[PDB]
């Protein structure tokens, strides 16, 4: 049984910000997005933007309603990166795909944390479930 090992594979279950925005008022937003991954902007280093791979483990409420695209929302994503779990507004989710470097960093962070990687089959099944639902 084969584990994820390439960014191209993990990109298959990467949700863009556009999609999150399109879907954020849908009735089964939580079920759909949970198990997917995102490329999240976590801040700047030397005034340059830094991004990480993270898995969505749930949907939660933020303190404030905020502006997201042309709507308004109270939803935040519970995100996991190795052992680091944090809540992020949807606005910091990128529309660009993972780089190989971001992916490798994630892999190493998952190993250091003693976390099991997703299998290729889990990925493909998740993706398929989303494509079928649309």
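Positions refer to the first chain, counted from 1.
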property: Which of 112 to 120 and 15 to 23 has higher mean CA B factor, as the PDB entry lists it; result: 112 to 120
property: Selected stretch [higher average CA B-factor]: 41 to 49 or 76 to 84; result: 41 to 49
property: Deposited CA B-factor, highest of 93, 104, 36, 59; result: 104
property: Residue 128, C-alpha B-factor rank within chain (lowest, middle or highest third); result: middle
property: Chain thirds of CA B-factor: placement of residue 28; result: highest
